Amino acid sequence: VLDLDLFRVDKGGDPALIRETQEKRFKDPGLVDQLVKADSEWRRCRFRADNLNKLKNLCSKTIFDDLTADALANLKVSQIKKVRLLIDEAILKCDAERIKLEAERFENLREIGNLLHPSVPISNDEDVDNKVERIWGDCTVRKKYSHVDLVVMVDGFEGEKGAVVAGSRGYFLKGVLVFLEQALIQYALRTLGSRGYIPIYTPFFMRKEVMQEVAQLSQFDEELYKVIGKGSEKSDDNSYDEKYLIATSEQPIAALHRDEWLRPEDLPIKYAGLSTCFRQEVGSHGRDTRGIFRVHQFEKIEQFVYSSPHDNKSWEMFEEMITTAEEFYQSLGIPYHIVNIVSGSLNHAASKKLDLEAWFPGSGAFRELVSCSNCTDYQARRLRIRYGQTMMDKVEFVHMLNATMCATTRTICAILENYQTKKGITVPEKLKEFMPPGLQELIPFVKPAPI
Amino acid sequence: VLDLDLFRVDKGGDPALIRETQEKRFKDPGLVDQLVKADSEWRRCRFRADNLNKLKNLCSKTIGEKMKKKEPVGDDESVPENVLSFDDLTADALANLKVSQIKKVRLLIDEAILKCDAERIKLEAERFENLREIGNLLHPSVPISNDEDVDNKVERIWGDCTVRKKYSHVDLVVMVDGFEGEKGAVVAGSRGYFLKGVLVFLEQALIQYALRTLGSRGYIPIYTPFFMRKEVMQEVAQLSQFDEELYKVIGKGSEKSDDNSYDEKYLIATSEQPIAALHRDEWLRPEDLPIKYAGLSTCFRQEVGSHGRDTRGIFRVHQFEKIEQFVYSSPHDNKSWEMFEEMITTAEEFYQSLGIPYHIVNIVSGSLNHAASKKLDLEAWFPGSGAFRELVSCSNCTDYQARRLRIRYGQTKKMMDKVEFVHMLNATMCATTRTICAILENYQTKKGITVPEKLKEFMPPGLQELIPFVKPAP
RNA sequence: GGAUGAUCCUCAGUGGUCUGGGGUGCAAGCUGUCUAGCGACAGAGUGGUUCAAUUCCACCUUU
Ligand SMILES: Nc1ncnc2c1ncn2[C@@H]1O[C@H](COP(=O)(O)OP(=O)(O)NP(=O)(O)O)[C@@H](O)[C@H]1O
Ligand SMILES: Nc1ncnc2c1ncn2[C@@H]1O[C@H](COP(=O)(O)OP(=O)(O)NP(=O)(O)O)[C@@H](O)[C@H]1O
């Protein structure tokens, strides 16, 4: 949620930059001017409300014109009371007004995107105007057998029984791949565990009031599932509470330090989120439908950092994190290329996102496997997470960063497609440590490819 | 669900066994008097239906005879009378009526067929409603009482020694800096928790360990979905569970912007449930000897029963990982009851392997869930808390869930004799948080916690030997 | 029923826009509006009775 002073030309900022940054995001402006009107009205109405209460008190201080009052002392009892009761009608009306404006001003503010780093590409088309920054590994080789057939050929995936139980995209990951999953977990956990990231296991659902602070509408509409609880552990209570399953570990970790004052000294704080993530995936029908590349439920290990805003500690930590992931996917021997995402494809929170598109040889194309984002002070202001616990003056919030270390399932797929042979898939050297006796060497085929 | 025939007196079994089963379960036996009622009426509607069909054919037959006796005869308009009453008819009457009258009467029979169809459906539905909440048969060896603490019976004890220590799991989880209760209550509501740092590894160890243990003993590792469709969850859970355990999740039921419809799902409270639904509506082959599955899944409980119990730590939470041993077995040669006793020793050995003192218990009838025929509760000793807590449950549901999910013993050896369903059993290998609490109370020191030999292997470098305190106990 | 939430802390008092004693800081904290700035005004959990609520009452929250 951007600072309101950026809309006041009276105060520090200018909205013309906001508008421009909305256009760059390719979200229709106006929202900025709906904001500014609603705010300006709310100032006038908070000014009136003030002045009226100033008279409300002016009159008990004293104890036929009302538009504006002077140092009044003439008349009393009935003559003053009537005026004060008429003023009270005025405050009721200015109260209804204020509440309406406040609510609707913030309605507009809620869906205005964060500021953009200059380096971000300014276009709406992603295929065309996305820029690759770095390229690693062997990016042109191919192996023909896709991750679907591969996942089947190992006897690790039940897509039919998963469609029965959970209803399309639902799945039973079975046997050896479970150990393979676990490996990736353990490996990523140890990696980050060494680099000063503290591991953390999060809750999977939230209290809405909290979720609303960490998610934008779109996500509520086409991503977040909703949970319905009792909101009390008594049989007497037939009341209900709406909770929401998390789509990322970013969300629960972001809220971890809600409404706190974080000291500059302890401030560079790295969290290693461990969480299962539920997404409805309403955007994408008929996309990656067979395998487990794209599914409604999957474990994920995430890098979330709270950083100081002042210098460029945020954007150094950023470049560090992205490079962190790089070293992870370099170590498993996966070829990839880093891409800089266009302004249209950024979510409100982010100021800039660099994604790691890994090479899928069997499929013969580049699929996304890691995103990295710097939200700056956007989430922070909303979660009221400031910088230092109270000197004066001018309240400054932290900068918050979030990037995925490993998305267990899509990474598993990348492994399968890149390390296939004739017997099966070769286990990359890093994981051999954590793969059980028998798979340390390889992952053997036991089933044939479906036709 | 049970078998209807053992409700039917003219058929095999007796229903006074069932009413007795209820009395032992301390539930209502009047439920069965309702079952027997709706079944009786449903039979009546079956009988009439049949008799009615017979008549319909007899109308098409008498119609047959008309053309032979005369192409023209009598009157083609007149309406029928008295005959219509379908309780009692002949062929004489049908022979008397002209063609037209028999044709219309045939239509009235067809109307009455549809009326039966409807009413038959209503009875079937009501009988079922009665049947859902009727408990499985009890094994004699199960104790027969309602309260558990007084009338539970201990069968086995292992390990040392009803020993005591200090620092409950409540204080332990804090002292190691692995638990954030206050900020997790803010995020996820009451009882919610952030598990952090070292415990995360500890948990991951347990998982990794149990998974290799069972993965060695022939169990097939399996990762379940965490939510199930209404239909199927309804097949695997009972009403009280829906009221006081299963959270309700709501999806869109279609991945198109266009779609405004929603689909109601439910989050699982055990891996039992998605695994039971793995092989729904299937004929399990006799050759595939007891199929063993290692279920790895997080489990959501609303935990509505209990208010103000174990509120501080991670002992009772609304979300926790769990490893379950689930086997499909044969009902013949008491094979399930053997594997039952095997599976319990399996968990026994694991917890022996972790040096955790415990004792096996037979659970009383009055606390048993409908599905189970008999449940074994491995209760591990908490020195720091100073008591024994339920850590593991293993249950043999026999054919109950089986009958419900339509999972039969293959084609069976013979046909047209009686369809026999499989026996299915479910047991918890590891309850990560409760296990973690068990370990923290059993390996505690003053330096921190000692890592159990087996887990040392899976701990990351530096945490293989022990886990150090960093904070003081409140 | 008691305690509580936002006027430096603390005890006591009180319908007069708060008072007093003791302690602490500086030469009295937080939010918001107005003014170019100086600075002024409004807000004290929510409502009521009262012109007037720190008090009285209703009420809640956390405990
Ligand atoms: N349906 C899904 N199943 C599994 N992982 C997913 C899914 N959608 C997104 N992700 C994860 O999100 C990470 C990076 O993409 P992210 O930006 O988080 O979501 P996104 O941009 O919506 N990706 P997509 O929706 O697949 O184009 C990947 O490493 C994936 O693991
Ligand atoms: N509130 C809870 N939090 C975490 N795990 C639980 C909880 N309740 C039960 N379990 C797990 O499930 C098994 C306990 O017995 P089970 O029969 O599944 O549930 P239960 O008998 O209802 N136990 P409880 O609900 O604590 O009285 C153990 O493996 C537990 O760790």
Long pairs among B:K27/B:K115; A:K300/B:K322; B:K335/B:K456, criterion Cα-Cα beyond 25 Å:
B:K27/B:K115; B:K335/B:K456
Cβ density ranking, 10 Å radius, fewest first, applied to A:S123, A:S351, B:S141 yields B:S141, A:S123, A:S351
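With Cβ to Cβ distances under 9 Å as the rule, what net charge do the other residues near B:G181 carry (K, R +1; D, E -1)?
Summing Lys and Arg as +1 and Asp and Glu as -1 gives +1.
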Please give the charge dipole size of the protein assembly as shown, origin at the Cα centre, charges +1 on K and R Cβ atoms and -1 on D and E Cβ atoms. Round to the nearest 20 debye.
260 debye
Find which of A:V398, A:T323, A:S78 sits farthest along the positive direction of the dipole of chain A, computed with +1 on the beta-carbon of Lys and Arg, -1 on that of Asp and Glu, about the Cα centre.
A:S78
Partner chain Cβ atoms within 10 Å, averaged over the residues of A:228-237 - can you pull that number for me?
5
Is there a simple number for the mean count of other chain Cβ atoms within 10 Å of the Cβ of residues in A:171-179, and what is it?
6
Using unit Cβ charges (K, R positive; D, E negative) and no other charged atoms, how large, in debye to the nearest 20, is the dipole of region A:114-451 about its Cα centre?
720 debye
Would you mind getting me the FRET efficiency between A:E133 and A:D14? Use the beta-carbon distance for r and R0 = 30 Å, nearest 0.05.
0.45
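Shape verdict for region B:249-373, please, from the Cα gyration tensor: rounded (a/c under 1.5), prolate (a/b greater than b/c) or oblate.
oblate
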Give me log10 I(q)/I(0) at q = 0.15, 0.17, 0.22, 0.26 Å⁻¹ for region B:169-248, Debye formula, one equal scatterer per alpha-carbon, no solvent.
-0.91, -1.01, -1.00, -1.05
B:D258 paired with A:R48, simple spin-label distance in nm, labels 7 Å along Cα-to-beta-carbon
4.8 nm
For B:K68 and B:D151, compute 0.36 nm times the residue count separating them, minus their Cα-Cα distance, and round to one decimal in nm.
21.8 nm
Using Cβ counts within 10 Å as a stand-in for footprinting exposure, how do B:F326, A:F220 rank, fewest first?
A:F220, B:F326
Taking one equal scatterer on every alpha-carbon of the protein assembly as shown, how large is log10 of I(q)/I(0) by Debye at q = 0.06, 0.08 1/Å?
-0.56, -0.87
Taking a crude spin-label model, label points 7 Å out from Cα along the C-beta direction, the B:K471 to A:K143 distance in nm is 4.5 nm
Positive dipole terminus of the protein assembly as shown, leading residue within B:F26, A:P450, B:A380 (C-beta point charges)
B:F26
Candidate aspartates and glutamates - alpha carbon under 15 Å from B:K98, same-chain residues fewer than 8 apart omitted:
B:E65, B:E71, B:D75, B:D76, B:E77, B:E81
Can you give me the P(r) profile for region A:71-175? Cα pairs, bins 5 angstrom wide beginning at 0, each as a whole percent.
2, 7, 7, 7, 6, 6, 8, 10, 9, 6, 5, 4, 4, 4, 4, 4, 3, 3, 2, 0
Compute the label zone of B:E342 within region B:201-227: residues whose backbone N is under 13 Å from the point 7 Å along Cα-to-Cβ.
B:217-220
Sorted by chain and number, the residues with a modelled amide H under 5 Å from that of A:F172, at a separation of 5 or more or across chains, are A:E158, A:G162
What does the C-alpha gyration tensor say about the overall shape of region B:1-135? Classify as rounded when a/c is under 1.5, otherwise prolate if a/b is larger than b/c, or oblate.
prolate
Per-residue [θ]222 nm for chain B (sum of -39500 (n - 2.57) over DSSP H runs n ≥ 4, rounded to 500)
-12000 deg cm²/dmol
Would you mind giving the average projected area, over all directions, of the Cα convex hull of chain B in nm² with one decimal?
32.0 nm²
Amide H within-cut-off set for A:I198, under 5 Å, with H built and near neighbours excluded
A:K270, A:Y271, A:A272
Please report the spacing between the Cα centers of region B:106-163 and region B:421-442 in Å, no decimals.
26 Å
Provide a whole-number value for the mean count of partner chain Cβ atoms within 10 Å of the Cβ atoms in peptide B:302-310.
3
Roughly how big is region B:18-154's charge dipole about its Cα centre, with Cβ charges of +1 (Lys, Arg) and -1 (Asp, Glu), in debye to the nearest 20?
880 debye
Sequence-distant or interchain residues sharing an amide H contact under 5 Å with B:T298, placed H: which?
B:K322
So, in region B:201-313, how many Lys pairs have Cα atoms under 15 Å apart, if the pair is 8 or more places apart or on different chains?
5
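A short reminder: the numbers here are calculations on the coordinates, not readings from a lab. Neighbour counts are summed over all protein chains in view; Cβ atoms, including those assigned to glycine, are modelled from backbone coordinates with ideal geometry.
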